[PDB]
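Residue numbers (the entry's author numbering), protein chains in the order written: chain 4, 55 to 264; chain 8, 27 to 243; chain Z, 31 to 224; chain F, 63 to 227.
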Amino acid sequence: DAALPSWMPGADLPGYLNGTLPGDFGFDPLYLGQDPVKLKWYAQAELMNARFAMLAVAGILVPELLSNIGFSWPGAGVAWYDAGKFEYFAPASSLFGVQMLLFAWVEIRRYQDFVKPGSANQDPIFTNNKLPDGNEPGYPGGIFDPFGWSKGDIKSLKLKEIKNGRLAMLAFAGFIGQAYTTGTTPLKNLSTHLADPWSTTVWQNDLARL
Amino acid sequence: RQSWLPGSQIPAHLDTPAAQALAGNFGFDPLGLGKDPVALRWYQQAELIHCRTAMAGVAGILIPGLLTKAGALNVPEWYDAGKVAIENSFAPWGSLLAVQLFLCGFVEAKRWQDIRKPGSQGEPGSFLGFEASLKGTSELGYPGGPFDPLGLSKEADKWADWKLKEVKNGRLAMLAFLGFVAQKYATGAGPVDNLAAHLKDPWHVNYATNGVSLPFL
Amino acid sequence: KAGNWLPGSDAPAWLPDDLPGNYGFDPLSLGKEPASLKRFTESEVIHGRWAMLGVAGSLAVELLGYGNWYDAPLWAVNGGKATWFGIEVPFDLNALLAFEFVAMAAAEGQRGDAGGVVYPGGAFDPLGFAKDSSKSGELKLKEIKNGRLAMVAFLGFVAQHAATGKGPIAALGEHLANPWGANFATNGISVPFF
Amino acid sequence: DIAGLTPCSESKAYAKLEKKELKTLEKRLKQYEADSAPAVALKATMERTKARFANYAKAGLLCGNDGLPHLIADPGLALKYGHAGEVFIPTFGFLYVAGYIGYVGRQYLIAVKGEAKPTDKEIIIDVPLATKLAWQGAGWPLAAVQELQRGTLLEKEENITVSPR
């Protein structure tokens with residue numbers, strides 16, 4: 055209900071989205087963020103899902119990009135969906151248990167800081183090490199930002215982060231869809247489409263299987 | 027005011043402030059079984075127990091069944107899991123049922139006494155000091171203490187929402203199990219098999235073509 | 031207080047500050063009433079002492095080469111004679127249950143008749159290590175912490191045995207030999223999908 | 063099995079009776095044509111007789127020395143030898159419908175008793191109220207148990223007239 059950017063110029067956006075959260079464009083046709091507590095939780099959920107999707111898309115696209123060139127390493131021809139049944143130094147079960155314990159520790163710490171901001175900024179072992187007092191949930195800083203990049207325009211950088219995260223989330227969804235339909239890696243699908251985009255579309259490929 | 031039938035006359039016994047405090051109040055009572063407040067309270071407890079039991083059972087039927095469709099698990103069908111489980115078991119079904127009846131009767135009798143007198147299970151010097159945690163909250167059917175270890179019921183802002191997510195889901199589960207029985211007597215396969223068979227051809231594989239649900243057609 | 035189990039959380043008001051091992055850990059509010067807290071405190075100290083004795087016995091019996099803790103009463107299942115430190119004992123299972131029952135009943139009855147005493151002293155402390163009440167609070171914290179660790183260790187003993195089949199000493203050597211290849215995730219029952 | 067009886071699927075008198083009924087029907091059919099109304103009706107009766115005998119034998123009924131089915135009324139024997147469909151399930155079915163009718167009638171009487179002329183409503187039935195009560199009577203056992211537990215099902219002794227003894 056202001057001059058803030060909108061996802062539909064002229065549309066009547068809801069009033070609970072006043073631009074406080076980063077990347078607010080008034081996009082909520084299902085009104086899932088009506089409840090303030092639900093919206094507060096969904097903001098953190100969007101941030102976490104966005105960051106994990108960004109790391110995932112980077113970790114899916116980088117090995118395939120380096121595999122298509124002269125760079126070589128042990129796991130090169132293995133696809134992202136085939137990396138699970140790969141021979142590593144430890145079995146998948148052991149790695150899963152180790153990561154479950156480590157993620158349990160960091161996620162409980164993050165949840166503790168979410169329910170009480172500033173209550174988890176202190177290092178339990180080294181009492182001298184701590185995060186700055188000024189902090190918000192989902193934006194830890196301190197050791198997490200050693201370069202001090204947040205000292206500048208925190209609003210523009212947060213907007214860039216949420217936009218890149220939404221794009222990466224859609225990219226991961228597209229990765230799942232392309233792997234389930236074409237049954238081939240995403241960069242190979244991109245190359246196939248770039249060879250002749252007029253005859254290689256979702257409609258043509260899906261109609262050829264109907 | 028949400029209603030189960032837009033335009034229908036909501037019963038007066040379901041419009042009182044005490045009845046409106048119950049979760050999932052949609053004014054659905056055509057038979058008028060909840061006219062008596064005591065009967066309404068008893069039926070509310072019965073609905074809560076049915077919701078939780080149906081949710082646990084339907085989850086135990088759907089999740090292992092869905093994992094069996096893939097290569098995650100190999101759990102047999104719900105209508106055949108009892109025989110398979112009792113075959114390679116350490117006890118017959120009768121002895122197991124007797125132990126189960128005793129263990130369930132103890133907790134059900136304690137819950138019954140709490141229904142008859144709320145907070146009566148907190149009688150000092152009666153349950154080895156654990157009686158202090160056996161007192162429920164101000165709402166019947168929603169106890170704390172040992173139950174709810176995460177303490178998600180302490181926040182009132184989401185409390186009214188949480189209960190709405192428990193009854194509704196439970197009601198859905200109550201229907202799910204019912205379908206699980208009807209489908210078993212109409213197709214002879216499991217629920218996941220029926221879902222896949224219907225998804226393969228919904229215009230010809232449904233209850234209108236099973237030859238049982240429509241005997242006149 | 032001894033510390034904070036959950037950093038950033040406030041300690042419960044029903045837990046006294048002078049209570050040994052008071053980390054403010056009570057999410058279920060079991061010790062909310064003062065009458066229940068006393069019984070639970072005595073029960074926790076007794077459990078810690080019994081667990082310390084049990085874990086020490088299991089570790090010593092498996093380290094001295096006299097089998098593990100699980101195979102100790104197997105002599106009375108297939109016919110045999112119990113041996114303590116390699117010395118034969120002529121007491122059968124029937125005479126052991128009666129003597130242990132009488133001795134434990136008398137000792138526990140005498141202990142319970144005192145009105146729930148956690149720190150009797152006197153005859154139970156002939157060396158006088160806790161004669162002064164100033165250092166009593168520090169040693170009590172060590173006792174409750176070692177007891178809690180022993181309780182956790184005994185639960186781990188039972189769980190790891192039911193999951194693998196070997197004893198605690200044999201499981202430690204296997205894990206030291208292959209840490210990534212031998213753990214709870216590779217037993218086959220802790221993680222079902224993997 | 064029970065009481066020295068034999069199952070109808072193995073009784074010789076049962077099959078003999080079926081043959082006798084089919085024989086008299088066929089004898090009556092022998093005097094008509096092959097594509098007429100009495101022939102079709104007799105053939106339909108014969109098919110109904112065969113289906114009835116096969117359905118009674120398939121149900122697991124017990125036949126006596128006369129070849130006729132015998133019902134088991136004891137709940138223990140019926141539930142132990144698979145005879146609950148004879149006298150047990152129909153017992154509860156009748157109890158449900160009978161209590162349904164009685165509860166609907168009682169509710170109608172209590173509803174019209176608080177009006178100006180209850181006798182007028184007794185001779186001229188109020189169709190909307192009767193239909194509403196008839197539809198609401200599906201939960202008659204639960205409602206009856208609740209009325210009995212609250213003490214509103216019965217009337218006090220001081221409010222009921224009696225003779226001078």
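Ideal Cβ placement from N, Cα and C applies to all residues, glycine included.
Of all residues in the stretch 46-65 of chain 8, only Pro56, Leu57, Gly58, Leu59, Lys61, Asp62, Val64, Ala65 place a beta-carbon less than 9 Å from a beta-carbon of chain F. The residues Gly54, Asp56, in chain order, have a CB closer than 7 Å to that of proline 42 (chain Z) in the same chain once the five nearest residues on each side in sequence are set aside. Straight through space, the alpha carbons of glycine 108 (chain 8) and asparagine 236 (chain 8) are spaced by roughly 26 Å. Around the beta carbon of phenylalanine 143 (chain 4), fewer than 16 other beta carbons sit within 10 angstroms, so the residue counts as exposed.
The alpha-carbon separation between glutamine 71 (chain 8) and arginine 142 (chain 8) amounts to approximately 11 Å. Per DSSP, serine 147 (chain 4) is one residue of the alpha helix (DSSP H) stretching across 146-169. CA-CA distance, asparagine 259 (chain 4) to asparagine 220 (chain 8), rounds to 29 Å. Shown in chain order are the members of the stretch 176-188 of chain 8 whose Cβ falls below 9 Å from a Cβ of chain 4: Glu181, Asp183, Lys184, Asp187. The three-state reading of DSSP puts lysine 196 (chain Z) in coil, since its state is none of H, G, I, E or B. In the three-state reduction of the DSSP assignment, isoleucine 187 (chain F) falls in the coil class, being assigned neither a helical nor a strand state. Partner residues in the beta bridge of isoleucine 117 (chain Z), as assigned by DSSP, are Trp114 (chain Z).
In terms of Cα proximity to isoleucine 64 (chain F), the closest of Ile163 (chain F), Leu87 (chain F), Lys142 (chain F) is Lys142 (chain F).
With a threshold of 16 other beta carbon atoms within 10 Å, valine 189 (chain F) falls short and is exposed. DSSP, reduced to helix, strand and coil, places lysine 61 (chain 8) outside both helices and strands of the structure shown, so it counts as coil. Contact between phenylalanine 184 (chain Z) and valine 107 (chain Z) is ruled out by a C-beta separation of about 22 Å, above the 8 Å threshold. In this structure, the CA atom of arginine 105 (chain 4) is about 11 Å from the CA atom of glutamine 98 (chain 4).
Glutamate 141 (chain 4) and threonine 94 (chain 8) have their C-alpha atoms some 26 Å from each other. With 16 or more other Cβ atoms inside 10 Å of its own Cβ, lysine 189 (chain 8) counts as buried. Runs of the alpha helix (DSSP H) spanning 4 or more residues and lying entirely within the stretch 162-217 of chain F occur at 180-185, 189-198, 202-212, in chain order. For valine 148 (chain Z), same chain residues with a beta-carbon under 6 Å away, outside a window of 5 residues either side, are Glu72, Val75 in chain order. Proximity of chain 8 to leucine 185 (chain Z) at the Cβ level (cut-off 8 Å) is not reached, the minimal Cβ distance being about 18 Å. The stretch 158-174 of chain 8 and the stretch 133-147 of chain 8 touch, with three or more beta-carbon pairs separated by less than 8 Å. For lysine 62 (chain Z), the residues of chain 8 that pass the 8 Å Cβ criterion are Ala158, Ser159, in the order they occur in the chain. Under the DSSP assignment, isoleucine 141 (chain 8) falls in the alpha helix (DSSP H) whose first and last residues are 119-142. In the three-state scheme derived from DSSP, where H, G and I count as helix and E and B as strand, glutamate 190 (chain 4) is classed as strand.
Using a 10 angstroms sphere on the CB of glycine 78 (chain Z), the tally of other CB atoms reaches 16 or more, which defines it as buried. By the rule that beta-carbons nearer than 8 Å mark a contact, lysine 170 (chain 4) touches chain Z.
With a contact defined as Cβ atoms closer than 8 Å, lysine 212 (chain 4) and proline 90 (chain 4) miss out at about 20 Å.
Excluding its 5 nearest sequence neighbours in each direction, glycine 69 (chain 4) has C-beta neighbours in its own chain below 8 Å: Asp55, listed in chain order. Closer than 7 Å at the C-beta level to chain 8, one finds no residue of the stretch 108-124 of chain Z. In chain order, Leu57, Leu59 make up the part of chain 8 whose C-beta sits under 7 Å from the C-beta of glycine 201 (chain F). At a cut-off of 8 Å, the C-beta of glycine 131 (chain 8) has no neighbouring C-beta in chain Z.
At a cut-off of 8 Å, the C-beta of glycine 196 (chain 4) has no neighbouring C-beta in chain Z. Counted as a single uninterrupted DSSP element, the alpha helix (DSSP H) harbouring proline 137 (chain F) occupies residues 137-142. Here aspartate 177 (chain 4) is exposed: its Cβ has fewer than 16 other Cβ atoms, across all protein chains shown, within 10 Å.
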